[PDB]
Amino acid sequence: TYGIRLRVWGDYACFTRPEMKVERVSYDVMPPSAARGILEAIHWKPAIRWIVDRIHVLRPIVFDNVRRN
RNA sequence: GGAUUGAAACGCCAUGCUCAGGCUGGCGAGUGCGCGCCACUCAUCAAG
């Protein structure tokens, strides 16, 4: 009818919380800003503006620790 | 084609387990013990 349905998946993800940005702590789920970014990575033009309706979480929320220089 | 608290981001440089120390000194398989007691090769069949 209208709108889009795009499935995205991956082994790793980090949607850093703004208040724990140095020692990164990720959100439990992708925020709408991340969804916007992913959608624009496929197609975007200045004439058009993305709006995110919903996010579906299909896998359990699992965390992990990685340290980098 | 402006922005995915994003875009950029080595754990990295290097460091003998080494120097050495008999498994040795010595200890009869040994003392002894009938294979032995008996038993027909034998009853026959020209040489051509």
Side-chain angles (χ1 to χ4, degrees):
Chain A
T1 52
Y2 190 43
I4 291 298
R5 314 287 187 80
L6 180 79
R7 195 214 275 240
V8 301
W9 65 96
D11 282 6
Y12 290 85
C14 190
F15 311 98
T16 314
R17 302 182 70 103
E19 68 274 19
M20 305 165 189
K21 186 142 123 65
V22 184
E23 306 300 326
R24 296 186 186 81
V25 175
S26 181
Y27 279 116
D28 320 59
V29 302
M30 80 153 36
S33 328
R36 258 196 62 212
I38 288 162
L39 294 164
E40 292 174 353
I42 290 163
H43 182 223
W44 174 85
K45 227 60 61 67
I48 67 185
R49 159 162 59 237
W50 271 113
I51 303 292
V52 182
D53 296 328
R54 283 104 62 74
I55 299 108
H56 303 262
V57 188
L58 305 179
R59 295 283 289 282
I61 295 155
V62 174
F63 278 95
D64 192 10
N65 284 298
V66 176
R67 191 177 168 89
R68 285 178 282 171
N69 282 6

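Because only heavy atoms are used, hydrogens play no part in the values below, and waters and symmetry mates are left out as well, while side chains stay in. Letters A, B, ... mirror the listed sequences (proteins, then strands); counts begin at 1.
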**Asked** Is B:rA8 in the syn range, within 90° of 0, or in the anti range?
**Response** anti

**Complete:** Rounded to whole Å, the CH2-P distance (A:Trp50 to B:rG2) equals 18 Å

**Prompt:** Between A:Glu19 and A:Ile42, who's closer to the 5' end of RNA chain B by nearest nucleotide?
**Reply:** A:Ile42

**Asked** Between B:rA20 and B:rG25, how far is it from one P atom to the other, in whole Å?
**Response** 25 Å

**Message:** I'd like to know whether A:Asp28 forms a side-chain contact (heavy atoms from CB on, under 4.5 Å) with A:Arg17, so could you lay out the CA-CA distance, the side-chain angles of the two residues, the decisive distance to 0.1 Å, and finally the verdict.
**Reply:** CA-CA 10 Å; A:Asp28 320 59; A:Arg17 302 182 70 103; 3.9 Å; yes

**Prompt:** Of all heavy-atom pairs between A:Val52 and A:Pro32, which one has the smallest distance, and what is that distance?
**Reply:** CG2-O, 3.8 Å

**Asked** Atom OH of A:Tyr27 to atom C1' of B:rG6: distance rounded to whole Å?
**Response** 14 Å

**Item:** Rounded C1' spacing from B:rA7 to B:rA3 in Å
**Value:** 10 Å

**Prompt:** Out of B:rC10, B:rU5, B:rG1, which nucleotide sits closest to the side chain of A:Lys45?
**Reply:** B:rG1

**Item:** Spacing between A:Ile48 atom CD1 and B:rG2 atom P, to the nearest angstrom
**Value:** 13 Å

**Request:** From the options B:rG1, B:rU4, B:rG11, select the nucleotide whose nearest atom is closest to the side chain of A:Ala41.
**Result:** B:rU4

**Message:** Please classify the glycosidic conformation of B:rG28 as syn (within 90° of 0) or anti (everything else).
**Reply:** syn

**Item:** Nearest-angstrom distance from the residue atom NZ of A:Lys21 to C1' of B:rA7
**Value:** 10 Å

**Asked** B:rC42: syn or anti, with syn meaning chi within 90° of zero?
**Response** syn

**Asked** Which way does the sugar of B:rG11 pucker, north or south, judged by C1'-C2'-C3'-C4'?
**Response** north

**Request:** Examine the six-membered rings in the bases of B:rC38 and B:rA39 and report whether their centres are under 5.5 angstrom apart and their planes under 30 degrees.
**Result:** yes

**Fill in**
Sugar pucker at B:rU5, from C1'-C2'-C3'-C4' (positive north, negative south), flagged south

**Message:** Rounded to the nearest 0.5 Å, what separates atom CG in A:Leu6 from atom CD1 in A:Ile42?
**Reply:** 4.5 Å

**Item:** Separation of B:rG6 P from A:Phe15 CZ (nearest whole Å)
**Value:** 11 Å

**Item:** Rounded distance (Å) that lies between atom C1' of B:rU4 and atom CD1 of A:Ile38
**Value:** 6 Å

**Request:** Could you check how far CZ of A:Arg17 sits from P of B:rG6, rounded to whole Å?
**Result:** 13 Å

**Message:** Whether the side chain of A:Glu40 and the base of B:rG2 hold a donor-acceptor pair under 3.5 Å is what I'd like checked.
**Reply:** yes

**Asked** Shortest non-hydrogen contact from A:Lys21 to A:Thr16?
**Response** CA-CG2, 3.7 Å

**Asked** Nearest heavy-atom pair of A:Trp50 and A:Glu40: which atoms, and what distance?
**Response** CD1-CG, 3.5 Å

**Message:** Apply the syn/anti split at 90° from 0 to B:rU15 and say which one it is.
**Reply:** anti

**Distance (rounded to the nearest 0.5 Å) between A:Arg49 CZ and A:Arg36 CZ** = 9.5 Å

**Message:** Please compare A:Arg68 and A:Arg36 by the position of their nearest nucleotide in RNA chain B and report the one closer to 5'.
**Reply:** A:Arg36

**Request:** Taking syn as within 90° of 0 and anti otherwise, name the glycosidic form of B:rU4.
**Result:** anti

**Item:** For B:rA9, pucker side given by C1'-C2'-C3'-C4' sign
**Value:** south

**Message:** Using the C1' atom as the point on both nucleotides, what is the distance between B:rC19 and B:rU24, in whole Å?
**Reply:** 26 Å

**Message:** Working to the nearest 0.5 angstrom, can you tell me the gap between A:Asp64 CG and A:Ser26 OG?
**Reply:** 11.5 Å

**Any A:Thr16 side-chain N or O less than 4.0 Å from OP1/OP2 of B:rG6** = yes

**Message:** Tell me if B:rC17 and its neighbour B:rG16 stack, counting it only when ring centres are under 5.5 Å and the plane angle is under 30°.
**Reply:** no

**Prompt:** Starting at CE of A:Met30 and ending at P of B:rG6, how long is that distance when rounded to a whole Å?
**Reply:** 13 Å

**Message:** Heavy atoms only, 4.0 Å cut-off, all strands: where does A:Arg24 land among base, sugar-phosphate and nothing?
**Reply:** base

